[PDB]
Structure formats: structure tokens, C-alpha cells
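**Student:** turn this into a structure:
(10 chains)
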Amino acid sequence: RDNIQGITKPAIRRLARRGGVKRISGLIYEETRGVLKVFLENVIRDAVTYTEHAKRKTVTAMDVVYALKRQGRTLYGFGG
Amino acid sequence: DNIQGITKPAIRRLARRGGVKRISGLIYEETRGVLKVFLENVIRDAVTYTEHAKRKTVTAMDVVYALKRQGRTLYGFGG
Amino acid sequence: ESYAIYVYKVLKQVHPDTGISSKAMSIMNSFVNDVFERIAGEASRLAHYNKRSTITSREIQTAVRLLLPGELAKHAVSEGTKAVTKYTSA
Amino acid sequence: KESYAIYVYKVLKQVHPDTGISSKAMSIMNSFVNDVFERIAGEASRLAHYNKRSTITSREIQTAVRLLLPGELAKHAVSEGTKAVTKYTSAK
Amino acid sequence: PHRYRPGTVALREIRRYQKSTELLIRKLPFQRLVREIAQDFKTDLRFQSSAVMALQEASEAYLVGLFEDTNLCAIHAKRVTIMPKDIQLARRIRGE
Amino acid sequence: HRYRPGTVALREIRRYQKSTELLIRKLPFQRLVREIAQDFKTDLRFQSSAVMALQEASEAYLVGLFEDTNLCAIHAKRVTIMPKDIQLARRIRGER
Amino acid sequence: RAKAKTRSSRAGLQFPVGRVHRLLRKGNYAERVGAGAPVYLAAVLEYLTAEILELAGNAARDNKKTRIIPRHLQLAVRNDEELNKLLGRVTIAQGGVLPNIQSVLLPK
Amino acid sequence: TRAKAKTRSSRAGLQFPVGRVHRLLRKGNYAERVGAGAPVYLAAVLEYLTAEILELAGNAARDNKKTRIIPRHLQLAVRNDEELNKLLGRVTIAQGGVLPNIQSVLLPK
DNA sequence: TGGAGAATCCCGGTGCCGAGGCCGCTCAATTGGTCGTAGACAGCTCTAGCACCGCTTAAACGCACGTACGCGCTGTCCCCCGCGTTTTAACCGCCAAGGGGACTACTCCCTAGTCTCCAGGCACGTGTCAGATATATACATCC
DNA sequence: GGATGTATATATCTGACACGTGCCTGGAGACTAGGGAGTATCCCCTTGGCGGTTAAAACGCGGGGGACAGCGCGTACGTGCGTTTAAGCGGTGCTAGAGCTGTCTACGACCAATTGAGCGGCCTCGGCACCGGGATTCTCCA
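**Tutor:** Numbers count the residues shown, from 1 in each chain, chains lettered A, B, ... in the order given. Pasting the structure now:
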């Protein structure tokens, strides 16, 4: 529990620097944590549905690949 | 030069339907360009679907398939 | 071949004093065709993923769970299971 | 398990002789080939189903390439496919 | 005489054109625009009426959605007036 | 000494747009993935490659969202990103 | 033989099980199609049809109309969060848009 | 009795397998039938697209003074070309990074 | 804030065309039996996943300072909204030519299916070359 | 004009890419069979034109309100430095369960006959669009 604080403020800062952001507000980090939680909830929910259809108890990389391919967020490099 | 038939009151009405209160004077040329780009993209796929079927008439289903091709699905013309 | 009479039957089951126009019937028929294509394509894809050549009711159930949002998915799985249970026992 | 690794390596040595490739880049290339194959084959299947045909010919693949690929890419891909089909039919 | 303040007739038009279902662009100029766009791709091409109506409905829905996003981009810049930079911002975020 | 406020941010932009490495640490993201997955199915197993696929997708999504957020803030004549820019970008994309 | 009973009748459904079964056979989805999959999919499609039609009839009753026009279907779909999420990339023809004026445009 | 076994790719002048594409089209549940020229055409299109990606990836590797193509070079190859970015708009490349772009309003005067 | 006037809502009458119900009939769904194979089930193996521990160290965290920047306020002037008038051409009705979509028959060639077999491709093993790293010199920026 | 971040050049290590070899299995050759589609009048319907008329668009003018530039201020991020803390790497241990194989059996494809459900066509009456009159908000100005 409370693992959303493990996505630290310097990690969000580094992602913003990769996105080209020069200056960041202090209220950005909670919003980014909520955005990341919503995105991960959607993708992990789809991948859990995929791995429970196949009668497995293990979530594979291909399950995540199809979960992202359903949402139009196709990811290369994992056998997709 | 029938892009000028997309008149400025028509663009004003489309902005009224979108809830726009006040409109600049250079909006209309950009809206005509956006409409031309969108219509070119749909009409090219519709012409491709017509030419695959070896026909001369563009049907409503050709337009429906062209819009479903880029995720702009239209309900009410068949399917 | 259209879904017009079945949509009319569902409408008279739900709203017995309310009718429907021709354009509204065309839109509802297109809706049924689109949702059918979505669920059947997802079921075909999930059969191809798990090396199966058969679309069972489990494939349709997980396709409904993947496509539809939460309450709609829960309820649609409920009437699907109810209909399959009624069909097998009768 | 089958992959397009030797084929991508053959095309790479055909176009860049003194240039290698890594395993992750080869996995991305395999995923790219699979994605493009699935897209063109699905569009050809939709074209066959819309026109009430039970077969996929070179015409359906050509129309799928024109529908999916952008302009100059589509033109050069149709040229390459037509050249390969004419070379395949000319040689028995 | 009687003159309404700027914005009253605009809001009245917003309510009127959001209550209605009708097509807002004239039919025949749009039909001519469709044929001059299609003659760049294939000459001597015929059109069903339902195809032109489908194109008009799709184009009007696309333009109304784009104008909604453009309006929110203009409100984001503390403005009521929409300029081409709002449209370009909306098509940049959508990926168009 | 002390550099001016902004130049180290520009060097951070240059050294993080040049690199490919994962900007989020592996163990907190992995624990977040198993915390989210516990709400759906109990007693799950996770491959390492599944967590790395989730991390690559999440980092790409957040970087693209921050690009749209940056251009939204530039549209409002600001160099500072705010949550309203994130909310506007998520509305125009359709995620809200 | 015996009395011919419809597969939709023994499933308690109004949508056709047989037509959905023959569309799953001829749609080139899989090589084989099970018995309970058309029953499940017909139940799902009937439920979604009833979900749109109930809100469409409520919207038609709100506008003092006996029949359902496309404007009512657009109100029914877009006013429900799950139906707007399901049909977010779908244009209803002759459907219009909702009344939505932003608060900064209204007079003070 | 039988003649010499010549591959279908060598008759087409291609490097991608025609036979594998034909098998994947037949078992992919795409249509009831698959024509003879469709795997040849599709293998040619896939080989051309692979050649375009590998052209721009090798150029990106040469510009960074490296004789091996990493995913960063593939990302540069796809995103630096307009048509390949249009083809791969909804595609995330793992370990690919981003293009270096700093807005002009953020740069110092 | 009261009042004039404009826009809008409510009520009633009328006509129309389209939705809804009825009927013939044909064609697609149902029924019953057969057959072969996909998949449920049991079992086993060994692979990868989870849990724990030490350490050392990069990175996160907390705090202090100050300056860049968001934001509110003010002025101004220009650009767009509102409205009356004139021009334009869209819309409706009607009428023909005529290109072209839809149906039908037949006949042929293209493609599924099968047997046999062999060579391309996959798995495994090994040496060896391309980055990564470390350090001194000097070029490029920073304030 | 003095102080840091980083090209640039030379050595060394290492591990992952690439090539060689052996089996094996899936593609290819040859043949047959049968059915999909390619090619050869008819009525819908698409385009082209004319006339009236009248709704909408273009145009011009006035003015008001909103975009935009300048300015001050106060605060909240950036940057830097010292302390802490837990990520990361390496290693061990163990146990669930992913994946493969074998058996057999239930279930779905398939075919033939039957029959009723749904579809096209047709007829009818009522829901709704429209017009006119009059009452009810509703906005702007003195």
C-alpha cells in the first residue's frame, strides 16, 4: 500500500525534462501520479483479463502487449 | 475554386454549434483548409474503395468504410 | 437482413407506448452491427492468441469484459451467463 | 518459434554491408513486420468481405497498401509488389 | 433604435444551433467541393446523394468537435476570441 | 558558484532527450504494478519482462503527455507547466 | 418429429440466436463456433440495445415526443458515461450536440 | 522423378519468404481462399518497408559513429521521416527515446 | 430599478406522409443422426518467480536563499459584432438522355487437398570484435 | 575574463553479435477436382438544364469590449549542499506453475428433410411539423 509515493518527484522531473519541460509547478506531481495510476489501472486490468482467460496465474509480457494494443498504444520490442 | 462556397456564416454556424462566442477574422481560411484536408483524406479512401469494386459511383458505404478506416464511424447510412 | 424487428421487440418490452423512426432504426441497426463486429473480432483475436480454433461462450465473456466499461460489462456478463444457463438447462 | 531475423539481416546486408544489428533492434524489426503484415492482411480481409469475395488476390493487397501506407511509401510499395508479381509470373 | 450588446445574439445563436439537428453548410456548394476534391483523384466520377450527405454529416461533426476543442484552447489562454493558434494547438494535441 | 535558474534545466533536457534509459526506478514501479494488480486478481505472478513492458509504456505515455502539457503552457504564454495544462491535453486527446 | 422451438425461445431472448450463429460462421472469425457463444452474444446485444432504448425513450418523453428520433439516441448515448465511453469515436447522423456553454462565456 | 526444388521467393527476386506469408495468410482466418500472387505481393511490400527502415536506421547509426543499429537509431529512422512517423504514429519503440526538441520560447536569449 | 420592445413559450387547428400492422411465400433456421477431431483432464518436469539477507552507494530528501516568473491591474485602440440594405445564387419543381449498377448464365481456370521428400531454417556452440569504461588535453559555453 | 561541461585520443576488457554445423519439418513439386468469378440486357438513378422566388450571403457603417502590451509585486520553484535511505547487485533457497505429452470423449461441422419466421408489398390513420394568436420571460436603457 501507498506505493504511488515511490514514483518520486525527481522521477516526474526527469520525465518532464525528457518531454522538454523547463519549469514545473509543485502541484504537477500529484496530478502525474493520478494520471499514471489511471493508465496503469487500465492496462493492468486488461492484462489481468488476458491472463485469467488463459487460466494462468502469471501475467506475461505478451499479455501487456495485447493490453496496450487494444488501447492503440502498440509497443515494440517484446515479441508483439 | 468551390472552397469559397464554404461561406463565413456557415463556419460561424458551425462554431455556434461548438459553443464559440467570438471568432477572429482569420479563422475562416484555416477552417476551409482543415475541411479540405479532412475531405481529401476521406474522399481518397472512398475513391480507392470505389475503384477496387470496379465502379464509377461513390456510394454511402464507401464513405462509411472510409470513415471507419480512420476511426470516425458514422451511424445512419448502412452497415 | 436487418435487426429492425428485434430492436422493435426490445423497444416494446422496455417502452410499450414509444415508437421509433426509420433513421433511428438505421442507427440502432448500425450500433448492433458495430458492437457485434467489435466483440466477434476480439473473440477471434483471443482465440488466435490462446491457440484455439473455437469461439466458446468464455471467449465472448472475456471479449465483453475487455470491450465494455465496468457496469455495462458486469451486467452484460450477467445476462450472458443467465441466457447460457437457461439454454443449456432447457 | 519462427521469426524474421535472418530475412531482416539479409535485407540489411543487401543495403548496408558493413553495418550490424542488435537483438533488441531485431525484436523491434520483427514486431514491425508482424504489425504491418497484420494490418495489410486485415485490410485485405475487410476488402474481400465488403466486395462479397472469398479470396485474397494481389488486387486486395494492392488496395490495402494504398489504403494504409502514406503516399510515396504506397507508390513505391505498389511498384515493388507489381514488379515481384510480374517476375513471379514470368518465371515458371 | 434598439441594439443588442455584443454577445447576446452570439449566445442566442449558440443555444439555437445546439438545440437543432440540421445541417449548417449549404448542400450544393459542399457537393461541388466534393466533386472538385474527387476529380483530383479520378476523373468522370459519379456520386450518390447519400454519399454526399454522409460526407457532410461527418465533416460537420468533425468541425463542431474541432471548434469545441479550439474554444477550450482559447479559454485556456484567458480569451473568448478563437484564433488559428487555438485550432493549430487542438490539431497538434490530437495528432492531426 | 551558483548558476542562473533555468540553465541546468536546459542541460537536463539535453541529457535526457539524448538518452534511452528508464527514468523511473524499477522497484517502486514494480511494487506499484503489484499494488494495482492486487485489486483485480489476488495472488498473481509477474514476469520481469511484463513489468519492463509496463514501465516502457508508462514512461512513453508520460513523456508524450508532458510534451503536450509543455505546448499547452506555451500557448497560455507561460514557461511553467500546471495541472490545468495536463487536464486540457487529456481532454483534447479524449482521456477525460 | 417434434415441435420446432426457436433457439432464442429456449434462451429467453428476443435477438436471433440463429442469425448471430450464421454471422459468426460466415464472418471468418474462427474455424469453429460453439453452441453457447451465439446465445451469450445475443444476450449481450439485447442488453445493450435495451440500455440505449430505455434512455432514448426517456429522452423522447422528456421532449414530449412519442417516437424516437436520432436526437434522442444521441442524448441517450452521450448523457450516459458508459455509453459515451463505448461510442466515443461514433458519429450519430442527425444527432447534433449537447447544450454546453462554458461558464466564462455567460454574462455576469 | 521430381525436379529441383526452387523457392517461391527466388522466383520473385525477394528475400522475404513467400511460403511463410502464404501459410500465415491461410491460417490467419483472413479469407476462405488466398490467391497465388497475394503472398508474393505482400512479401515484396514487407521487404520494401524493412529496407526503408533499415536504410534510415543505418544512416542514423553512421551519424552517431556506430556500426550496429540499436533501438535509438530505429526511433530516429521512424520519427525523422514523415511517412514512417505517419505509419507508426501509435507505436512505441522500446529503448527508443525521443527526438531532441527544445521550444524556441524556452531557449535563452 | 421600472418600462418598452424583442424573443420565446404555450394552445389550438389543419394536413400530410410515414410508421405500424396484415398477408403471401420463400428461404433460412430447426431437427436428427453421424463422424472425427479439438480440447478437457491427469501428470510430470524443470524453469523462472518470489522471499530474504548483506553492503555500498547513487539517489532521494530536507532546508536555505533569491531571483525569475505568474498574475493582477491599467490603458488603448483595433477588430469583430450587430444591424439594415442590396445582390446573389441556393432551393424546389419538372423533364429528359443516358451512363452505369444490379441480376443471371455458363464455362474455365485457379486454388484447396494430398503424398512424398528434401533442403531451408532453427537450435546450439564458440571465438572475436564493437562499445564501455578510464584518463589527460583542449575546445565550447556561462556569468 | 576567469570558471566548468564536454569533444578527442589512446588502452583494455568483455559479452553479445555472427558464423559454422547438425537434424527436422514445413515448403515445394506433381496431380486431381470442383467451385469462384470473369465475361457477356434492363430498369433505377445520376447528371444536366430552365424558370421562379425568396432566403441567405455580402457589404457597409458605427461603436464597444476584448486582445494585447507595459508594469509592479510577492512567492514559489531552481539550485546548491549536507544527511539519510533504500534501490541495486549478488547470492542462496525453495516451491508454484508454465509448458509439454498422452488419452479419450464430448461436441461441433455437415447433410438431408421439413416448416414457420421474417421480408417485401400494400394499406391506413395518427404523430408531428407548421401557422396563427396570444401570454411570459428577458434584455437593455433612462
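
**Student:** chain G: helices as residue ranges?
**Tutor:** Remark: helices assigned in chain G by DSSP state H are G:7-10, G:17-26, G:36-62, G:70-78, G:81-86.

**Student:** quick one, strands of chain C?
**Tutor:** Applying DSSP state E to chain C gives strands spanning C:54-55.

**Student:** how about it: which residue is closest to chain A?
**Tutor:** Of all residues in chain C, the one sitting closest to chain A is residue C:62 (4.3 Å; C-beta to the nearest C-beta). For every residue, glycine as well, the C-beta is placed using N, CA and C.

**Student:** burial count for the nearest residue to that residue once chain neighbours are set aside?
**Tutor:** Counting by C-beta to C-beta, 6 or more residues apart in numbering or on different chains, residue A:53 is the residue found nearest to residue C:62 once chain neighbours are left out, at 4.3 Å. Neighbourhood size, residue A:53 [other C-beta atoms under 10 Å in any protein chain shown]: 19.

**Student:** what's the distance between residue A:53 and residue G:37?
**Tutor:** Going from residue A:53 to residue G:37 by C-beta to C-beta, to the nearest Å gives 14 Å.

**Student:** all helices for the chain, in order.
**Tutor:** Defaulting to chain A. In order along the chain, chain A carries the following helices (DSSP H): A:9-18, A:28-53, A:61-70.

**Student:** nope, chain C
**Tutor:** C:4-14, C:22-49, C:57-67, C:70-89.

**Student:** count of neighbours near residue 45?
**Tutor:** Unless you meant another one, I'm taking chain A. In terms of burial, residue A:45 registers 19 neighbours under the definition other C-beta under 10 Å.

**Student:** can you look at chain C instead?
**Tutor:** 20.

**Student:** pretty sure residue A:4 is touching residue F:31, no?
**Tutor:** No - when contacts are counted by C-beta atoms under 8 Å, residue A:4 is not listed as touching residue F:31 (9.9 Å).

**Student:** thought residue E:66 was touching residue E:93?
**Tutor:** No - between residue E:66 and residue E:93 there is no contact under C-beta under 8 Å: 11.4 Å.

**Student:** residue A:76 pairs with what?
**Tutor:** Partner residues in beta bridges with residue A:76: residue H:93, with DSSP bridges as the criterion.

**Student:** sorry, back to before: so for residue G:81, which of the helices of chain A sits nearest?
**Tutor:** Of all these, the one in closest proximity to residue G:81, counting by C-beta to C-beta, is helix A:28-53 (14.7 Å).

**Student:** any residue of the closest one touching DNA strand I?
**Tutor:** No - judged by C-beta under 7 Å from any atom of the strand, helix A:28-53 makes no contact with DNA strand I; its nearest approach is 9.4 Å.

**Student:** could you pull out the strands for chain E?
**Tutor:** Ranges of strands in chain E, per DSSP E, are E:46-47, E:81-82.

**Student:** tell me the contacts of the residue of chain C found nearest chain F?
**Tutor:** Here chain C gets closest to chain F at one residue, residue C:65, 11.0 Å apart by C-beta to the nearest C-beta. Contact criterion C-beta atoms under 8 Å, 6 or more residues apart in numbering or on different chains gives A:49, C:73, C:77 as the residues in contact with residue C:65.

**Student:** how about those in CSV, adding distance to residue E:56 and neighbour count?
**Tutor:** CSV is the format used below for the contacts of residue C:65 (distance: C-beta to C-beta, whole Å; neighbours: other C-beta atoms under 10 Å in any protein chain shown):
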residue, distance to residue E:56, neighbour count
A:49, 40, 21
C:73, 35, 19
C:77, 40, 20
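
**Student:** buried residues in the lengthiest helix in chain E?
**Tutor:** Among all segments of chain E classified by DSSP H, the helix with the greatest residue count is helix E:49-76. Buried residues in helix E:49-76, defined by neighbour count with 16 or more other C-beta atoms under 10 Å in any protein chain shown: E:50-76.

**Student:** hmm, stretch C:14-34 touching chain D?
**Tutor:** No - contact between stretch C:14-34 and chain D, assessed by C-beta under 8 Å from any C-beta of the partner chain, is absent, since the two come no nearer than 12.6 Å.

**Student:** now find how far off-centre that stretch is within its chain.
**Tutor:** Its chain's C-alpha centre lies 15 Å from the corresponding centre of stretch C:14-34 when counted by C-alpha atoms, centre = their mean, to the nearest Å.

**Student:** buried residues in that stretch, which are they?
**Tutor:** So, applying 16+ other C-beta under 10 Å, buried residues of stretch C:14-34: C:14-15, C:18-21, C:23-34.

**Student:** contact partners for the one residue sitting closest to the centre of chain C?
**Tutor:** The structure's chain C has its C-alpha centroid closest to residue C:36; by C-alpha atoms, centre = their mean the separation is 6.2 Å. By C-beta under 8 Å, 6+ apart, the contact list for residue C:36 reads G:20, G:23, G:41, G:45.

**Student:** the last one: neighbour count?
**Tutor:** By the other C-beta under 10 Å criterion, the neighbourhood of residue G:45 contains 26 residues.

**Student:** contact partners for it?
**Tutor:** C:32, C:35-36, G:15, G:20.

**Student:** so who does residue G:94 touch?
**Tutor:** Remark: with contacts taken as C-beta under 8 Å, 6+ apart, residue G:94 is in contact with B:76, C:23, E:21, E:57, G:69-71.

**Student:** what two of those residues have the greatest distance between them?
**Tutor:** Between all members of those, the longest pairwise span (C-beta to C-beta) is found for E:57 and G:69 and amounts to 14.9 Å.

**Student:** and the contacts of residue C:36, which is closest to residue F:41?
**Tutor:** Distance to residue F:41, by C-beta to C-beta, is smallest for residue G:41 among the contacts of residue C:36, at 25.0 Å.

**Student:** tell me how many other residues crowd that closest one.
**Tutor:** Residues contacting residue G:41 under the criterion other C-beta under 10 Å number 31.

**Student:** what's the answer for the one 5 residues further on, then?
**Tutor:** Here the number of neighbours of residue G:46 (other C-beta under 10 Å) works out to 26.

**Student:** please report how far it lies from residue B:7.
**Tutor:** For residue G:46, the distance to residue B:7 under the criterion C-beta to C-beta works out to 46 Å.

**Student:** over to residue E:90?
**Tutor:** Look at residue E:90 and residue B:7: by C-beta to C-beta, they are 22 Å apart.

**Student:** and residue C:8, by the same measure?
**Tutor:** Here the distance between residue C:8 and residue B:7 works out to 41 Å (C-beta to C-beta).

**Student:** OK, contacts around the nearest residue to residue C:32 once chain neighbours are set aside?
**Tutor:** Counting by C-beta to C-beta, 6+ apart, residue C:3 is the residue found nearest to residue C:32 once chain neighbours are left out, at 4.8 Å. Neighbouring residues of residue C:3 by C-beta under 8 Å, 6+ apart: C:28-29, C:32-33, G:15.

**Student:** one more: residue C:90?
**Tutor:** By C-beta under 8 Å, 6+ apart, the residues touching residue C:90 are residue G:10.

**Student:** before we move on, the earlier item: how about the helices of chain C in CSV, adding distance to residue F:38?
**Tutor:** Output for the helices of chain C, formatted as CSV (distance: least, C-beta to C-beta, whole Å):
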stretch, distance to residue F:38
helix C:4-14, 39
helix C:22-49, 24
helix C:57-67, 18
helix C:70-89, 18
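
**Student:** out of those helices, which is the most enclosed?
**Tutor:** When the helices of chain C are scored by mean count of other C-beta atoms under 10 Å in any protein chain shown, the highest mean neighbour count falls to helix C:57-67 (a mean of 23).

**Student:** so is that one next to DNA strand I?
**Tutor:** No - using C-beta under 7 Å from any atom of the strand, helix C:57-67 stays clear of DNA strand I, coming no nearer than 7.6 Å.

**Student:** what number of residues are in the vicinity of residue 42?
**Tutor:** No chain in the question, so chain A it is. Residue crowding around residue A:42 was assessed by other C-beta under 10 Å; the count is 17.

**Student:** hmm, no, I was thinking of chain G.
**Tutor:** Using other C-beta under 10 Å, residue G:42 has 29 neighbouring residues.

**Student:** all good on my end, thank you.
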